[PDB]
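What follows is each chain in one-letter form.
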Amino acid sequence: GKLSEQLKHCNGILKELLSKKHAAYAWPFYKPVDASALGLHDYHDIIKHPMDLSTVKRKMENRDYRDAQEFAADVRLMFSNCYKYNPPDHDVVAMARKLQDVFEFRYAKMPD
Ligand SMILES: CCS(=O)(=O)Nc1ccc(Oc2ccc(F)cc2F)c(-c2cn(C)c(=O)c3cc(-c4cnc(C5CCC5)[nH]4)oc23)c1
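Calculation rules
Residues numbered from 1 in each chain as written, not as in the entry; some residues may be left out. Heavy atoms only, no water. Residues with missing side-chain atoms left out of burial classes, pairs and counts. Near = heavy atom within 4 Å. Polar contact = N/O pair within 3.5 Å; in protein donor to acceptor, adjacent residues only side chain to side chain. Areas by Shrake-Rupley, 256 points an atom, 1.4 Å probe, with all protein chains shown as cover. Helix = DSSP H or I, 4+ residues; strand = E, 2+ residues; numbered from the N terminus. Nonpolar A, V, L, I, M, F, W, Y, C, P; charged D, E, K, R; others polar. Salt bridge = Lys/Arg side-chain N within 4 Å of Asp/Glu carboxyl O. Buried < 20%, exposed > 50% of the residue type's maximum accessible area, 1.4 Å probe, protein only.

- In terms of determination method and resolution, the entry is listed under X-ray crystallography at 1.7300 Å.

### Examining the site of the ligand
- Taken together, 16 residues lie near the ligand, and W27, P28, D34, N86 and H90 sit nearest.
- The backbone of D34 places a nitrogen or oxygen atom 2.9 Å from an oxygen atom of the ligand.
- Interatomic distance of 2.9 Å between a side-chain N/O atom of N86 and a nitrogen atom of the ligand.
- Contact with the protein chains covers 72% of the free accessible surface of the ligand, which is 780 Å².
- If you list the elements that add at least two residues to the shell around the ligand, you get α6 (68–85) and α7 (91–108).
- Here the shell around the ligand is built from residues that sort into 11 nonpolar, 2 polar and 3 charged.

### Quick notes on the pattern of salt bridges
- As enumerated under the stated definition, the model contains 5 salt bridges in all.
- A salt bridge links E61 to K57, with the shortest nitrogen-to-oxygen separation between them at 3.4 Å. Highlighted residues: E61 and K57, both in helix α5 (residues 53–61), separated by 4 residues, approximately one helical turn.
- We note a salt bridge from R76 to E104, for which the minimum N-O separation is 2.7 Å. Of this pair, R76 sits in helix α6 while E104 sits in helix α7; the two residues are 28 residues apart in sequence, bridging distant segments of the chain.
- The class for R76 is partly exposed, based on a relative accessible area of 36%.
- The structure contains a network of salt bridges with shared partners spanning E16, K21 and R106.

This is how it looks when you write it as structure tokens:
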């Protein structure tokens, strides 16, 4: 259960993404997209591999990530699903972008 130095960094990023500091734009990402509740027609046809922060959290807490690139691929998938489904002017796309800017900058500062 001991994380590598790179995955400890990633755990730090995840905790920041889930923190009150980012909650104004992170909240739509805290749990899987409920397509039924939202009426997102054909969400699960268009999005083959759903992802959200609760999923990333589970993988990290269970020590299931093999490396940092796996973590980054999941977080990027979460954002790319959002951009792929939604129109460019939707509020959730703006929120995704704000959260992704936090992620990309912090991830880039991972010790190599
Ligand atoms: C906490 C997870 S949840 O149980 O599914 N709750 C939830 C609540 C609000 C969500 O997004 C919104 C953001 C802003 C807004 F004004 C409305 C939202 F539905 C979203 C939401 C998250 N993600 C990742 C998305 O990609 C989308 C897309 C949409 C969405 C809602 N209405 C549309 C339009 C029809 C296509 C554009 N898209 O809502 C979410 C989810």
